[PDB]
Structures are given as C-alpha cells and as structure tokens.
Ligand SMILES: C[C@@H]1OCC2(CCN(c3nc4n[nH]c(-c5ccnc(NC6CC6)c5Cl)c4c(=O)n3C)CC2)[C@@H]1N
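Presented below, as structure tokens, is a lone chain in the form deposited without the ligand.
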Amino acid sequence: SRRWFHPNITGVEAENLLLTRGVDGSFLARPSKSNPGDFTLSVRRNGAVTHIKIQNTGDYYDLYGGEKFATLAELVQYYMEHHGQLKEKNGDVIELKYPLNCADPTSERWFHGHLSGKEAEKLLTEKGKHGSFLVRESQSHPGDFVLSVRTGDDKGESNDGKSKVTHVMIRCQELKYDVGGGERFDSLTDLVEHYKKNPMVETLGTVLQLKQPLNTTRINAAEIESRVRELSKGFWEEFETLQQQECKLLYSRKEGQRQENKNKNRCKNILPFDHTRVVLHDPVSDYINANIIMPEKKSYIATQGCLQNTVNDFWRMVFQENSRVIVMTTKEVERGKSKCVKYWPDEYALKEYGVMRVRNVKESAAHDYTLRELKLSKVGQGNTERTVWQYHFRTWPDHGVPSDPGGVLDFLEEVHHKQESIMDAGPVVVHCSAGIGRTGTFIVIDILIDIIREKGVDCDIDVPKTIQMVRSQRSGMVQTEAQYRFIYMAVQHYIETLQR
C-alpha cells in the first residue's frame, strides 16, 4: 500500500533502482519533474525500464495509453487485477507485479525529521495522548533517529505524574535501522511497523504502544497566515503526507462496476463508494454516480457533470434528496472536450426530464457566475413544486486554479445564504466534470469556512485531516497540490476579509 510511491526521485534514480534492485514486473510511481502535477509509472520489463505517463489536470489521473482514475492507489489496484489491460503502443502487455518499495520516511504521518528533542517533548506533553508517538532526526548523534512515545492515562498538560514521554534511539547503520539490538530494518517505516505490531517493553514492564501519530496540521484559524508562511519556506511534505493516506481508502465500488451501470459513469473507473453512494428509490434503476458528503448539519452531494443518458437520473436524485441548491463548477465545454451536458432549460423554457419537470424561471448574470432559478415538480402531482437554485461558476480557468480566491469566496458566501434561507433544504448538490477535483476543492473550502463562520476566527482547523475525511466518502476528493494550496489561500483570504 503506497510503498511503491517514491516522491523525491529523479528519472535516472528511478531506472537505477529498477535495474539494480528490480526484476521484470517490478514497478514504482513518482511525481514528474517536467510537468508538475503529472506523474510517471516505471515498469522494468524485459531487462529494461519502460516509463508510462500519467497526467492530472485537476480532474483525474489520465494514464497515457490507458484509463482515467481517481487516485494512484486505485490506479495500481486496478492493473494488479485487470491484467493484460495495461499495454503500450503496439499491443504488448505491461505487467505490474512487484511493488518496488520506497524507504523515504518523510511522507509518514509520524515522521517529522529535523526537530529538537525539547520541541518534541513539548508537542507530546501538550497535544499528545497515550500511545502518541513521533520519529525525528537526532541532533545528538547525526544521521541517526529518535522515537518518542507518550504513555499514560489522560491527555494534555498533566502534573499528576501519571504520564511520561519515553525516547528510543534508532541507529541508521550501513543503511539499516535498528533500536539497539534485534532485527535490523530496511526502512524507518519497517521498524515502526514492526514495533506497532510488537510493542517494545521496558525492563520494568511499561509497554511502548504506538497508537497514533501526533497531529501537526491542525492550527488555530487566526494564525493561518503564519502557517502559510511556514509551509512556503512545507506545503509539499504536507500534501504528500496526506496523499499517502489514500491507501487506507480502497473501499468497494461494486454498484458502479455493474454492467447495467457502466454507461452511467463519466469515467468507467471513477466510481462512487458503495457505503456513501446516493441510492435512488421510488421497476427503476437505483444508480447515479453521486456520493453524500457529510462534514464530521449541512451536507453535500458530490456528483459528476450529467451525461445524455443520466440527466433524468440527476433530477430524480435532486427531487429525492430535497436538494434546493446546485453548484456547478465547470463550463459545459473546456479545452474543446464536453464536461457536462445542459440539464437545465433555456431561460423561461419548461422541460420534462422523465417524470421530472423543470422550468427556468429567471437567469441572473454576475461577474464570476450565473444564477438560475429553476422550479422542479413531479409530473402528475401539482403540489410537488419546489425552487432549485443553480449557481453556475463561469470563471474557473481551463488549467490550474484561480490566482485569487475572491470570486470563489463571494460565490460560496451567496450559496451559503441561499441554503440557509430555505428551511429543511436537503444536501447541497455540487458537481464539476468527473466530480472529484474541483468539486472536492469547493466542498472542502465550504466546510472549513462553515466552521470559521460559526466558531470564529479563533478556532481549530485542520486542512489535511478535513480533506482526508472527505476522501473517505468519495474517491479522490481534491485532486492536486495546486488545489490544496488554493484551499489554504482561500481560507487565509477568508480570515483576512473577516478581520477587516
């Protein structure tokens, strides 16, 4: 699970490892230095290394000469199972067999690295709990490492002597880590994994249990600008630490995989988790590529740009979920490729989509978006009428993110108040194209900002933790580091607008 990702590796280091440590079928994946936000899948095949291009323009991972995916870990899972499916130009089959593991601990949640022994014991005392651990570089003995563990009863600033922090020295020696005796490990990860399964036990009996890492991403909203500064030396280790937790998220997507449903997916392999998918109720198909997103009151439906065949389903869902606000974050066409089919009538025009009937009551033009007031009803029963407000965001660039977050903010702000003005309104429908990159970007910003707007500029927000929570509910939510950074930029910008 993700040991096959090497984050700080050159194309030439890539081939060396594959030729010197590898064998045919061995492979690794790595981030492109030439086209940032793009990646590369390297497979030792026939004594040689072939490299395979993967692009992410912020919507999905496009495997060059393959299919589109939501995450690298879904990508890899797919081809170590649907075999013979990965082929080069000329038909030959590319075999993904042996993950070539990376030994870089930097991306581990529990690895800090350069950190003082005193600054660490503060973190553990202050924010730590029983079984809270961390691994840092040794100042004392350079090149070696130190593992620190809190063990006790309660958490926080305690004086009852019921808790304590214990420090174990980890020696790097001939390129293998050990804790002074016993087995020598190939990586930091392997040592830590070992001692989580098999805790170290102090002579006098204390069990050095490795329960959770120490959170270092949660921050007080008020100080966001200082952390923005810290990370712009940070932002990269932070994004990548988050990216490695995507392997815990390989939940099932069987409904999406059914034959009857394959043409209801924009991208055949980008599918809604079974356990959070939207299930259509009232001889009828129950499938739509849409997930409920719940912060963890207000909730979201993260979905895709409609297809010609799924327009009627979109409206069934909207009616079923009592959604009264839709957020569209894509043009119908971008870069000449179609992104969403027009699921709404022209201004003043009444349309039927299956049993669902929709009137475009009024449009409204604004700098950054178009607002459409739609009246949805069910055919037959003239009492099912409800107003659905469609916020169409016009000004998101074809490539990358907006250079300034103000449009997005003024948009979500207005969306927020529409929702709030309607009692019992259902989840807020959000969609782009594949409904994962832009859609997740928007939803996450809206969540973080709903927290601030409530609790105030004096509260705790944790961006990576929040993004992780959202990804556990729909694959790949928030696609790029560009998008990540933008989320920071936009929350910051939202504080500085509040305190002014």
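Residue positions are given as counts along the sequence shown, with the first one as 1.
The modelled chain is continuous from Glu183 to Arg184, since every residue of the deposited sequence in that stretch has coordinates. Unmodelled deposited residues between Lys233 and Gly234: 10 or more, per the record. On average the C-alpha atoms of 37 to 45 have higher B-factors than those of the other stretch, with 37 to 45 and 461 to 469 being the two compared.
Taking only CA atoms, the mean B-factor in the PDB entry is higher for 97 to 105 than for the other of 301 to 309 and 97 to 105. Based on the entry's C-alpha B-factors, the most elevated value among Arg266, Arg372, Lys331, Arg227 belongs to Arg227. Across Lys339, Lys418, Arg357, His114, the entry's maximum B-factor at the CA atom is seen for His114. Residue-level temperature factors show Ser132 in the middle third of its chain, judged at the C-alpha atom.
Placement of the Cα temperature factor of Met477 within the chain: lowest third of the modelled residues, per the deposited record. Sorting the modelled residues of the chain by their CA temperature factor places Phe27 in the middle third.
Ranked against the other modelled residues of its chain, the C-alpha B-factor of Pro397 as given in the entry falls in the middle third. Among all modelled residues in this chain, the alpha-carbon of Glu121 has a temperature factor (C-alpha) in the highest third.
Only in words, not in the display: the form deposited with the ligand bound, which the text now covers.
Contact with the ligand in the bound PDB entry, defined as a heavy atom within 4.5 Å, holds for exactly one of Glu95, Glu108, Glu321, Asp190, namely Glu108. A single residue from the set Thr216, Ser299, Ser364, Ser138 has any heavy atom within 4.5 angstroms of the ligand in the bound PDB entry; that residue is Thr216.
With the ligand left out of view, the stretch that reaches within 4.5 Å of it through heavy atoms in the bound PDB entry is, among 172 to 180, 309 to 317, 339 to 347, 240 to 248, 240 to 248. Heavy atoms of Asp450 never reach within 4.5 Å of the ligand in the bound PDB entry, leaving it off the interface. When contacts are judged by a 4.5 Å heavy atom cut-off, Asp460 does not count as touching the ligand in the bound PDB entry. Under a 4.5 angstroms non-hydrogen atom cutoff, the ligand in the bound PDB entry lacks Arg277 among its neighbouring residues. Residue contact check for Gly117: none of its heavy atoms lie within 4.5 Å of the ligand in the bound PDB entry.
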